[PDB]
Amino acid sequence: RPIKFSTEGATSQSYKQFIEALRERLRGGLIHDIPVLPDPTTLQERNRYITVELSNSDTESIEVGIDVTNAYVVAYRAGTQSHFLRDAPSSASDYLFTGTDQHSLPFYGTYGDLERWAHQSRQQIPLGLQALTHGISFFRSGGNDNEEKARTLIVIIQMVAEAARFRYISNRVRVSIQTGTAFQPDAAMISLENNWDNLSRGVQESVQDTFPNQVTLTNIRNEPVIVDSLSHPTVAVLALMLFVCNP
């Protein structure tokens, strides 16, 4: 029962509905009124991995497998063949795409390794409906180009997983789809991606609404904004937290 998103005639609303469905499946609870992913140590492995279907048409689609403990993309599938990130958890292949031939990709799923293999940083790689359409077609074609494999995963990871995590990012992608205008992730988006764990930890370890360790983000105007409390307006950007601790 994959959660589905189609690029064909995609709209602001259809993308929003996709992210909302993904967020609702990923949610394991609320901490300080903010959704949090499940604690991996008490999660049953049969409940750990979910699939998203990304389609360009009724006859051109791929699937991506997601670890609900951290919203990580750990694998993708085209037809009878699947491909797992080098650092996919051992159990991922026991539950995802088990009726396929499962291959191991040569790169880790980290931005560091993906950017290394793509020979491009996140800042350089366009996001938006055309980028996603192009990536779906590339994975469905089965092309062996590892540079484009890494670039394509950078696109999918941000338009699916980072979008699920951050309201700022889902909205930015929604605008791209609405307007038909591709975009490069801005410094605010990059800083959110880079600080998800730190923000999740700040919220969940907060004492009287104040973070034990402060978090430095960058704002839409390339200015650095310090976040140290639950009341910081930038905290409203968190749609899903990584589980760190119960408060």
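One-based numbering along the sequence shown.
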- Task: Compare the mean C-alpha B-factor of 108 to 116 with that of 156 to 164 as given in the PDB entry, and name the stretch with the higher value.
- Result: 108 to 116
- Query: Averaging C-alpha B-factors over each stretch, which comes out higher, 9 to 17 or 220 to 228?
  - Reply: 220 to 228
- Query: At the C-alpha atoms, which of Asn194, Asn70, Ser61, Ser206 reaches the highest B-factor in this entry?
  - Reply: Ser206
- Task: Please pick out which of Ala182, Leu54, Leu26, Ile66 has the largest Cα B-factor as recorded in the entry.
- Result: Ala182
- C-alpha B factor of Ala75, ranked within the chain: lowest, middle or highest third? lowest
- Query: Among the modelled residues of its chain, does the C-alpha B-factor of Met189 lie in the lowest, middle or highest third?
  - Reply: middle
- Query: So where's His83 on the chain's Cα temperature factor ranking, which third?
  - Reply: lowest
- Relative C-alpha B-factor of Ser91, binned into the chain's lowest, middle or highest third: middle
- Chain thirds by Cα B factor, record data; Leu37 belongs to the lowest
